[PDB]
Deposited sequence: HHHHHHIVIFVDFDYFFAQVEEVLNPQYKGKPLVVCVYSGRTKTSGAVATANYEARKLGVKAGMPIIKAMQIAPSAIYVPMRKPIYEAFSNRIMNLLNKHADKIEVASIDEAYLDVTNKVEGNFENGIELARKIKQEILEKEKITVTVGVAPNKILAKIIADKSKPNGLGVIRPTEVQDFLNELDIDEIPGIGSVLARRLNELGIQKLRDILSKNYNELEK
């Protein structure tokens, strides 16, 4: 193929922490960490200022505080983020031939019909969707536009934050050529590490 589809992948930037910045404007520009407990605590999401100090999703709060003492630490308020996500997903629904809500902050839009297979028009539609989420919900997102869901996410991972990544039908074959298996969504570190011990590092191996 590389035509039967025109996909727009949408991925919200540092979502939980960003929603918190939207609600408390005074957090913006400062290291911020949303915390999750499941007894003991870990980082759920850190905004960029906090990631810049080395804070990462999954890091124990104790180790986070040790490296980012000056950060602000708040509790996870899932209901509210679900509320935001809900609204954004519904908004996306209105521009898609078909929609896959992969998670609270990830969604795939099939828009081949919507733009009658015109690729360039798909890009523009994506751009308009970036802006529409920024205005209606004040949240910035990163998107990827490609011929299929898989490529749409990869280009998107490479364009954050706040990006618009594109892989036109014509640049696909060679894109795959230099793709690290490592970069394919769903290929976990465990499978990746095992292929590596076998000297398999790229899609062409």
In deposited-sequence numbering, the unmodelled segments run 1, 40-43, 211-221
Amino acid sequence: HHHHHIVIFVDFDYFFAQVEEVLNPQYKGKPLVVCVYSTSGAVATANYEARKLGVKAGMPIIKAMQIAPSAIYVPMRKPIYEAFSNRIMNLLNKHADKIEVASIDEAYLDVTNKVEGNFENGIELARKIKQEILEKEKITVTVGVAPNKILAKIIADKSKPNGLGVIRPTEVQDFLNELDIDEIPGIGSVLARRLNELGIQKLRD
From here on, numbers count along this sequence of modelled residues.
For 170-178 versus 42-50, entry-based mean Cα B-factors point to 170-178
Comparing mean C-alpha B factor in the record for 196-204 and 4-12, the higher one is 196-204
Binned into thirds over the chain's modelled residues, the C-alpha B-factor of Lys130 lands in the middle
On the chain's distribution of Cα B-factors, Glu82 falls within the third called middle
Quick tally, chain-level thirds of C-alpha B-factors: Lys136 sits in the highest
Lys153: CA B-factor among chain residues, third -> lowest
The third of the chain into which the C-alpha temperature factor of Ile123 falls is the middle
